RNA sequence: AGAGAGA
């Protein structure tokens with residue numbers, strides 16, 4: 001499953017990611033964890049729990065390895 | 001389940017949390033309770049029942065410790 | 001279930017509630033009934049059937065006691 | 001079930017209804033049919049298949065008697 | 001059987017011109033060439049578009065349709 | 001299943017498929033992967049994981065056999 | 001709460 005490999009990779013490598021939300025608002029930071037419904041992001045020291053239903057797009061700084 | 005540990009934590013510690021909503025609005029308060037579809041928040045003494053579908057982000061006042 | 005308690009209490013007590021919609025429009029009235037997907041609100045005697053998917057928040061006039 | 005009861009009443013009574021969509025757009029007409037995902041609205045004799053996921057609110061001209 | 005399927009199959013069969021309005025109020029016109037549970041394959045001047053049903057608000061035909069109700 | 005046939009032909013013929021999001025924002029690229037919930041688009045060498053629930057429309061460059 | 005898409 002592409003979604004979970006992608007999120008695990010950005011997590012295990014501490015890649016910076018911009019997370020665009022459905023409404024265009026944006027967050028940047030690193031992925032600390034995720035489950036079926038949410039992604040736990042950290043931006044400059046602070047946790048943000050984001051619902052996946054509210055996410056449009058993860059644009060990572062560096063590109064991920066996946067199959 | 002990170003979601004429920006998070007919410008159950010900020011509920012147990014009475015942490016303050018900014019709820020950001022998809023409609024652009026952001027709300028600060030304390031979590032009184034939640035189920036699978038909704039979060040009960042209190043913002044200055046007033047209840048608000050908020051649908052999870054309408055929420056984008058929670059930003060706690062102080063980071064929550066979780067098992068991941 | 002928190003949602004069902006809340007809605008049934010504001011229904012039983014005829015509590016006025018503000019409903020904030022996903023589009024930021026704001027409705028005010030009293031809940032006359034609900035099922036899994038919808039809420040029946042009366043505003044100045046006029047019925048509205050609202051899909052819960054279009055609601056963001058209910059803010060009661062007085063706080064509900066919940067178990 | 002409030003939803004079915006409401007939609008079946010306004011259908012069989014031919015009640016004029018404003019349908020407000022998620023974006024605030026308002027369509028006015030009579031419901032001629034519905035199923036699990038859609039509602040068939042007739043406006044000035046034009047058929048519109050509307051997805052329930054796009055609907056916010058039905059506001060009938062006259063109140064609908066329900067159980 | 002269900003109203004959505006008859007409606008989409010009818011306009012597809014007749015190559016009816018249709019406005020599709022999307023959740024954000026954008027509108028496309030075209031003919032339906034097919035659909036499945038999740039998507040509608042519209043053609044607006046020769047040009048294929050795969051539209052998710054979740055992004056669609058309303059199908060409005062210019063020309064009224066036959067439905068078993 | 002039209003969806004899966006389409007995403008696949010734009011993916012194998014590495015088509016410039018443009019992607020309109022619910023908020024109207026648009027991105028061009030080629031599809032490298034998809035699952036039930038998500039699309040992996042490369043745009044300008046950069047990877048982007050897009051949730052399907054956020055996508056409005058894929059508009060290809062050349063049309064697809066289905 | 002009245003509908004043409006680069007966050």
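Things to note:
- If you go through region C:28-67 and keep only what is crowded, with 18+ Cβ neighbours inside 10 Å, under 13 Å from residue D:57 (Cβ atoms) and more than 7 Å from chain B (Cβ to nearest Cβ), you end up with C:29, C:38, C:39, C:40, C:41, C:47, C:48, C:49, C:50, C:51, C:54.
- The lone exception for residue E:3 - which of (1) more than 10 Å from the chain's Cα centre (by Cα); (2) over 26 Å from residue D:28 (Cβ atoms); (3) away from RNA strand G (no atom under 12 Å from the Cβ) it fails: (2)
- Meets criteria (within 12 Å of RNA strand G (Cβ to nearest atom), under 21 Å from residue E:45 (Cα atoms) and touching a strand residue (DSSP E or B) at 6+ places or on another chain (Cβ under 7 Å)) for residue F:19: yes
- Residues of region F:10-27 that turn out to be buried (at least 17 other Cβ atoms within 10 Å of the Cβ), more than 8 Å from every other protein chain (Cβ to nearest Cβ) and not in a strand (DSSP E or B), as a count: 3
- Checklist (1) within 16 Å of RNA strand G (Cβ to nearest atom); (2) out of contact with any helix residue (DSSP H, G or I) (no Cβ under 7 Å at 6 or more places or on another chain) applied to residue D:14, failing item: (1)
- For the criterion of being in contact (Cβ under 8 Å) with a residue 12 or more places away in the chain, under 11 Å from the mean Cα position of the chain (by Cα) and over 29 Å from residue C:25 (Cβ atoms), residue B:38 fails.
- Residues satisfying the stated conditions in region D:24-48, i.e. closer than 27 Å to residue F:53 by Cβ and within 10 Å of RNA strand G (Cβ to nearest atom): D:24, D:25, D:26, D:27, D:41, D:48
Please note: Cβ atoms are built from the backbone with ideal geometry, for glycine as well, and neighbour counts cover all protein chains shown. Bear in mind these aren't lab numbers, they're just calculated from the coordinates by the rules spelled out.
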